Structure formats: C-alpha cells, structure tokens
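A.B. asks: sequence unknown, structure follows:
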Ligand SMILES: [Zn+2]
Ligand SMILES: [Zn+2]
C-alpha cells in the first residue's frame, strides 16, 4: 500500500552538503566540456542550417555550414526532388495559430517546507 | 531522522571569512543600476546598466567613468560581458538584446524575437550562443552569428528572472516567478530536472566559479543546488533577511546576498553560515525605500564586490585583510531548530 | 450538463494554468465525488498529493474520503507517508487522534516515537505523556518520562530547547511522581537557577522554609536588576546582604542626588547592624 | 525527424523502391499541419503515384500507416479494428476524431496513442487480443 | 487564523460529522489498483458533500439577503461595506 | 557621508573619448601599410 | 472597462507552437557575419 505519492521523498528535502561540508560537487572535466559542447555545437549548427536553408534568401545559401530502411524488406533510397524555383518551396507551410498541449508525463512535486499587519 | 541531522550540523563548524566593509561609492547614474557586469579577463573596467537607459563603463582601480553606452531607449535590465568575445550583450526592456562590439563601442547585432520585456542574459561560456529570457516566460537561445532564435525553451509559467549557463548539461539553469529553478537540456529542449523548493520568485541564481553548483534565492530562503543531479546542497540560514534581489559567488566561497531592505548578508557558501550583515547607508537625500541593493557582482579575483543600488549609486565592498579568525569571527554558528532550514 | 469528461478536461486545463490554487483542487475532487466516482477521485487526490505535499487541506480531504469510506489500512498508509515528509505538528496530532479513534494503543507509542524524532519540543513529549497518563499504564508512562529525561541529559550540548522547557519536563516529572520520591530526586539531579526555582516551588507543593525563603530571595535580586528589596536581602543574610544593600545605594540631578543620599543612609544602617 | 509509417502493402512486392521526400509537403488530412511528404511509385513503371497523406504523429496516434491509411500491424480500417477491440474487451474503444480546426491541431500534437492504437502497438498484447479473437470464434 | 489551522479545524469538523453519522487488488500487466468501495459509503459521502455544499449555499444566501451607507448599485454597496470594514 | 575610509565619487563627465575601444583590437602582425 | 492592465504576458510557448512563415525581414539580412575572438 506504498503506491501513494511515488515522487516525493526526504532525499529531495534533505540538503546533501548538510551532513558533509567537504562534499565535493566537482566541476566537469575538460573532456566532458569538449564532448558536450561538440554535441551541442553540431545540434545548433543543424538548427541554424535548417532555419537558413528554409529561407527565400538566395544569399542564405552561403552562411549555411539518405537511405531509409522501412519495416523488414524495403531498402529504400530517399531522393529529394528538384523543386520548381518559382513555386512556393513549402506549399504545406501556412500561417496558422496552434494551441499546443502542455502534457504531464510525471507529476512534479512542489515542495514548500516551512495576518493583520497586511 | 532529524535529531541526527541537527547534531551532525552542530558537530561540524563553518569556515571563517574576512569581514566586508565599504571602500568606494560611485554616484554617477541618473537612474537605478539594474545589473552590473565585469570583464572576465582584464578587470580594467566594469559596466553598469541603469534605468536612465545609459550603460556606463566604470573603472575598478580608480572609480572613473571612461565611456557611456546609450543605445537603448528603455530601462537596461541586464548586462553580460562576454568571456571569449569582445562583446557586451545588453538586455533592456526595449524588447531588444543588443550586442556591443567592444573593439568599436558600437551596436552591431540586435536580437529580435522576444514577445515582451527581457530580464536577463546568459552567455554560454564555451559556445557561440546567448540565453535571453524575460517577461514572456520562455528562454530564447540566440546564435550570435545569424541572430536566429535557435532553441526555444518552453516550460516556465511566469516571467523568468535570472538565467545562468553552464558548459555541461544542465546548460541553462533558469528560474522564474513560478518558484521553479528549471535545469534545461539544450539538445532536447526539455527540463531535465525541475527544482520546486522555492516559494516565491527566484530573482537570483549565481554560478559557483570553481564548483558545478548554482545558488538560487527566494524571499528569506537562499538554497545551493548541485547541478550534477539537481540536488539541494545547503539551505542557507537567511532568517528574516527580506526580498533577495541578486546573489554573487566568490571564488573563495563567499556568497553575497543583497536584500531589498538595504541589508547585506555575506554567506559562507560551503557551510551555509551567515556571518556578516551590513546596513547599506542611503544617500543624503534618498527615501528610505532606496536602500535596496538591486544588483551585484564580484571581481574576477573576488577581493572586490560591486553593487548597484536603487539610490543611483554604485558601492564597492572589500574584505578586511587586517582581521583574523579571533578578531572578527563573524556571526555565531547556531543552526535553528524552529526552522527546518538546517 | 452531466457530461463528466468535459468537466474533467476543464478542471485539468484549469490545473494546467495554476496548479497551486487550492479551491480548484478541492472543487474538482468534490466534483468527481458528487458523481459518485471515487476511483477517479483517488487518482485525482494522489495527483493532488504528489503535486502539493506541503498543503494540509489536500491531505486532510483525502483522509476524510478514506475515513467515510472506512478503508482504515489505506489511512494507515496515507499518514505513514505524510508523516515521513517531516510535516507540521497538526499532521501528527491528527494521526494520533486517528489511532485513538481507531482503538489501537500499541501503534500510538510507535507513532509518538517517530513524532518525538520529527518534532523535539517538550510540549510534544508532554502530549505523549498526557496520552499515556490518560490511558493508564504507569510502567509505560514512567518509561516515557525516563526516556524524556535521558534525551534532555543527552542533548544538553545541542541547545535544542530552552531551560524553561527542561523545567516543564522535570516539573511534570516531579508533580507526577508525587502521585513523590522520584520527583524530588529528579529536581535534585536537575539542580546539577530557574530549574532550582522549580524545585523550591515543588517542595512547596509537597526545611521548606529555608528553600521557600531562598526561592523568595531570588526574584528579589532579579527585580532590582528597591529599598524594600535591599531590606529583604539584609534579613536573608549577613555580609552578602550588606554588600547588596551597598550596591543598591550606589545605584540609587536632584533626584539622583537624593537617591545617592538614600543609598548612603542604607549603607550606614547596614554597618551599624553589623566604624572604619 | 521520424521516418514514416508505410506498411508492406503500399510499397508492394519489390525490394528496391525509390521514394521522393518533400520537406513540409502538404497539410495532413487529419490535423492540417504540414509535414515531410513521401511520394513514390509501387513499380518503376506504375501509372499510379502513391503519396503519404497523413503526418507521422497522426500515423502513430492511430497506429496506422501513412499511405493506405490502415493498421500498421493488421492492415485493416480504423473503425473496424476499434469495433473488434470493442468485441473483445467489452469496452467501446472508439477513435475520437476531431471536427474543429484547433481541436485537430491540439489532438495531434499531444503524446498519446488514441483509439485502439495501444493494443496493436506492441506485438504481445496484439497476439493476446488475437488468441482472444480465436476464443471468440470458438464461441 | 491560517490556512493550515483552518484545514485542521475543518478536518475536525468533518470527523465530528462522521461521529454524528457513525480489500485491495491489483492486476499483473496493468497494475491498476481495484479497491472495493461499499455503495452505502460511496453515496453516503456523496449525499454528505451535497448536504455540506447546500448548507454553505443557504448560509451564503443568508449573507446575501442582508441589506441595511452611500451607494448607486449593488456592487457599490458591497464596496462601501468593505470600506466600512476597513475603518475598524 | 559614508565615513572617511570610503571614496565618494561624483562623476558626470566621461574621462575617455568614446572613439577609443575598451577591449583592444590586438594584432601581432605590425601592419606598416 | 474595455481598457485593462496586464495580468500576465503573452507566453513564448504560444509563439513556439505556431509554425513559422518565411518572411525575410529587413534586419535579419546577413550582417556582422564574423564573430571576433579574444586572445586566449
Ligand atoms: Zn496530422
Ligand atoms: Zn498501408
């Protein structure tokens, strides 16, 4: 019958450096900084190249810096065509207002541990 | 078990720090200083953005003006000088994030895309992007080349007060008025760890410069967070201190905490001990409400401390190199049992 | 309009906007309880607990729903979770009242042991003393008193409670053992000033003149910190009394002068009572 | 950038099939959001061109493919597989299809598998409901 | 007083209301907890919450009924009652 | 006003011409062009 | 009462949910395309 309040513990309430003032929370290593910043630089480079190559500026093509297995059998070559240069390059793109759902995958604890003059 | 925790606190003792007293008052601005930034290499100067829209570049060793950077039209809220670039990113509430090329002292880049007023910058120190967030409850990351909002960061409810960036994930340690210190995944765009231990608006998060931790400050509770997992390290003492505007963390583990009540409170960052509580004197003609310490920073070395207050003044605080552990021991180490803050 | 998935969607979007607003929670819980749907309400209040643990009314309303559903083992689980989260004193008091109206006396000692371990003040110890005193097992009550005095004698260095609460505990122990030798003994050991005053009062409750006189003497010195007091001190004495009188005199512009004169006179009187 | 759901019947009885991706091709025929559209030909000399008509999130919300609009596991219509799940579990599992535009966009962006999509998603509960179908056709 | 104490006192009041009135299974795969809840207890809670809501409803209507300084419409006399309560 | 340990600095005038940079544009190759 | 103060801001979640239209603005034209670096 301990299935109630599965996400709340004292290990969130209790400060960890309380028992030990020496408790080392070390800086990340130089190798970890290099790995994480190379990964995020490649990701930001992906998003900059996507948000520049989807522009109508021809001069956005200069500051920018395919085989697909389906279910079991279909080894598929994916060939993006040459679009017509006069047509809308993204005819599916349209101005629209969208309400995105703010889903709750896991219930987040909100932990507040703790008259006449106002 | 609580009695064991209190006894293990009372077993340990805090570290002594040198007492801070004021050394220099700079009275230049025609408005309130809202954020102070200092160059992370040279220590030749520090720039204080103020409500009279004019950032002023003051001098550490002499206290002189050298230049005035007045490209905004609204109140300059945050100023963040780059570490590996000769830039100066100046969030105001013009809805504009302006880049100041410090080899030219000119505006070069204007980051448009914010939906309301902006409150804070956070230059990611080992990449070429800046983290700007404000009243519109969403952090926009900005590639500094293409001026594009690269990664929106969705999930804070109210206006976002102070954003800090780390070189390793959590690469955006942000905090808002919904009392949440969210740790962000810049790749996934999702909050890895939502820290909901504060009660009111967290106006202040400061990076520890020599360990991977962030101190965050609500009213009368300042809490230190280990960013490796998102764990509480120390709940500071901070009883009846007031509304904390800004924090700043020394290299030598001295934590400033400026209150709206004019009070200062220097904290031993390891132990959570409050040792010194100043009273910032107002100017000779101020109102009593203008004692508040709006913003602060340390020196790169940490031996200085700069505060911009709301009495149109800039005060510099330095340690007593003549006091010892037996001369001025600070306040007493006695954790309080009526509070659960210990 | 009796469509419940719509009203549930509306309350859930309202919780998505501001989840901290408690009347929204209480009305959505009572909404799913008016339609006699308690499994939905138990999912709901488990969400309301895991969201806001430090809010009392969500806990107490879930405890009400499990009271009138008469699922007692659930309420055991609910309070043993809620008391693990170092809650307020009202939470533990409600859990003690729960395991009183569930007449299960062997559990309440463990409940008060963990409530000692959560909130150490002597009023909590005297809640546990009052529980065991109303429910009649004198070996267990003096076990509780002895454990309380052992925790006081082990937490002297902690400054966890005042000496006033130490006086509360030891005076309760003494006035309980009058119902006698133990209490006097505790006070004696306790002496090891305010606590001492308690011993005097207690002896008074149950040789007596000297302690009463001595006890009476203590407030006097306090008060001063006047002539009457000095006189009393003198009476109590002798050299010490004289000294006190002198001090008083010293303590005592025209008004000041008068006071000084009075003090001098007092000193003279003392000397006489006792030339150089 | 998720790869599409196209089942074995739309692509056909070939091993090497060349499809054409257009990023942000058209609005999907469920939620009217744009998506990367994949059009191809079943043979090399097919006269019919076959294109994906729903986006990937609308495909995985119904556990259906993007071209023939039938189930990914079973290759049957959505309404009838929901009817079969209602025959099995004695619970009217229906696919709640939207009709307002904002409701279409809202109902596609959320992370859930609506309708009878969760049963046919993993093969374990798929074969569980399959031998329950065999138990029904024994009765 | 305060919201904590007021929640405590309302809990004590509802236990007094019960004093004037007066298993657990799980599946393997789904893991959802089926609790047997007696129908008399279910609709007794339902009738109790509806009775508390209607009791509060009628007492709030009783406070709505009372009208006895200077006002133009109904919201205005409420605001003037608020200012008269501020005047101590 | 604050003591006689503390510098009090009333300053309204810029003590450096605004055309000069703050961070120096460093160049190792001495261009004599 | 048709004019009102601000309760909360238009959140950037609502701007992150909208799909963009490509409107090449007069100021997002490429300019200052070199990031200057400091000494170390
Ligand atoms: Zn769709
Ligand atoms: Zn198909």
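C.D. replies: In hand now; what should we look at? Residues are numbered from 1 along each chain as shown, chains lettered A, B, ... in the order given. Ligands and ions are numbered 1, 2, ... in the order given.
A.B. asks: How about the secondary structure of the one residue in chain E that gets nearest to chain G?
C.D. replies: Nearest to chain G, among the residues of chain E, is residue E:75, at 12.4 Å (Cβ to the nearest Cβ). (Each C-beta comes from the backbone N, C-alpha and C, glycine too.) When classified by DSSP: H, G, I helix; E, B strand; the rest coil, residue E:75 comes out as helix.
A.B. asks: Let me see the ranges of the helices in chain G.
C.D. replies: Listed in chain order, the helices of chain G (DSSP state H) span G:12-17.
A.B. asks: For it, what lies in contact range of chain D?
C.D. replies: Residues of chain G found near chain D, taking Cβ under 8 Å from any Cβ of the partner chain as the criterion, are G:17, G:19.
A.B. asks: show me what contacts residue E:3?
C.D. replies: C:22, C:56, C:57 (Cβ atoms under 8 Å, 6 or more residues apart in numbering or on different chains).
A.B. asks: Now tabulate those in TSV and tack on neighbour count, secondary structure and distance to ligand 1.
C.D. replies: Putting these into TSV (neighbours: other Cβ atoms under 10 Å in any protein chain shown; DSSP: H, G, I helix; E, B strand; the rest coil; distance: Cβ to the ion, whole Å) gives the following:
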residue	neighbour count	secondary structure	distance to ligand 1
C:22	17	helix	38
C:56	24	helix	45
C:57	21	helix	42
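A.B. asks: Nearest to chain D within the stretch 151-276 of chain C, name that residue for me.
C.D. replies: For the stretch 151-276 of chain C, Cβ to the nearest Cβ, closest residue to chain D: residue C:160, 50.1 Å.
A.B. asks: one step back: count the neighbours of the residue of chain E closest to chain G for me.
C.D. replies: 9 (other Cβ atoms under 10 Å in any protein chain shown).
A.B. asks: can stretch C:145-163 be found next to chain B?
C.D. replies: Yes. With Cβ under 8 Å from any Cβ as the criterion, chain B is reached by stretch C:145-163 at C:155, C:157, C:158, C:159, C:160, C:161.
A.B. asks: Highest neighbour count among those residues?
C.D. replies: Using other Cβ under 10 Å as the neighbour test, the residues of stretch C:145-163 next to chain B are led by residue C:161, with 19 neighbours.
A.B. asks: State the three-state secondary structure for that residue.
C.D. replies: coil.
A.B. asks: Quick check: it touching residue C:124?
C.D. replies: No. In this structure, residue C:161 is not within contact of residue C:124 by Cβ atoms under 8 Å, at 10.4 Å.
A.B. asks: Mutual contacts of the two, please.
C.D. replies: In contact with both residue C:161 and residue C:124: no residue, using Cβ under 8 Å, 6+ apart.
A.B. asks: For the stretch 51-200 of chain C, which residue gets nearest to chain A?
C.D. replies: residue C:77 (3.9 Å).
A.B. asks: do chain G as well
C.D. replies: Counting by Cβ to the nearest Cβ, chain G gets nearest chain A through residue G:17, at 3.7 Å.
A.B. asks: Identify the residues contacting the one residue in chain G that gets nearest to chain F.
C.D. replies: When distances are taken as Cβ to the nearest Cβ, chain G reaches nearest to chain F at residue G:39, 5.9 Å away. Residue G:39 is in contact with B:41, F:26, counting by Cβ under 8 Å, 6+ apart.
A.B. asks: How about the backbone phi and psi for it?
C.D. replies: Per-residue torsions, residue G:39: phi -70, psi -50 (degrees, to the nearest 10).
A.B. asks: Give me the helices and strands touching the helix or strand harbouring residue B:246, please.
C.D. replies: Here residue B:246 sits within strand B:244-249, counting by DSSP states H and E. Helices and strands touching strand B:244-249, by 3 or more Cβ pairs under 8 Å, 6 or more residues apart in numbering or on different chains; DSSP states H and E, are strand B:204-207, strand B:213-218, strand B:254-259, strand B:293-298.
A.B. asks: could I get the ones you listed as TSV with distance to chain F and mean neighbour count?
C.D. replies: Shown next, in TSV, are those (distance: least, Cβ to the nearest Cβ, whole Å; neighbours: other Cβ atoms under 10 Å in any protein chain shown):
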stretch	distance to chain F	mean neighbour count
strand B:204-207	22	23
strand B:213-218	26	26
strand B:254-259	17	26
strand B:293-298	15	24
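A.B. asks: I'd like those strands as a markdown table, with distance to residue F:4 appended.
C.D. replies: Putting those into a markdown table (distance: least, Cβ to Cβ, whole Å) gives the following:
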| stretch | distance to residue F:4 |
| --- | --- |
| strand B:204-207 | 32 |
| strand B:213-218 | 33 |
| strand B:254-259 | 25 |
| strand B:293-298 | 23 |
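A.B. asks: Looks to me like residue B:175 is in a helix.
C.D. replies: No. Using three-state DSSP, the secondary structure at residue B:175 is strand, not a helix.
A.B. asks: which residues of the chain fall in strands?
C.D. replies: Defaulting to chain A. With strands called from DSSP state E, chain A shows them at A:67-69, A:75-78.
A.B. asks: The intended chain is chain D.
C.D. replies: Using DSSP E, the strands of chain D run over residues D:16-27, D:34-41, D:49-51.
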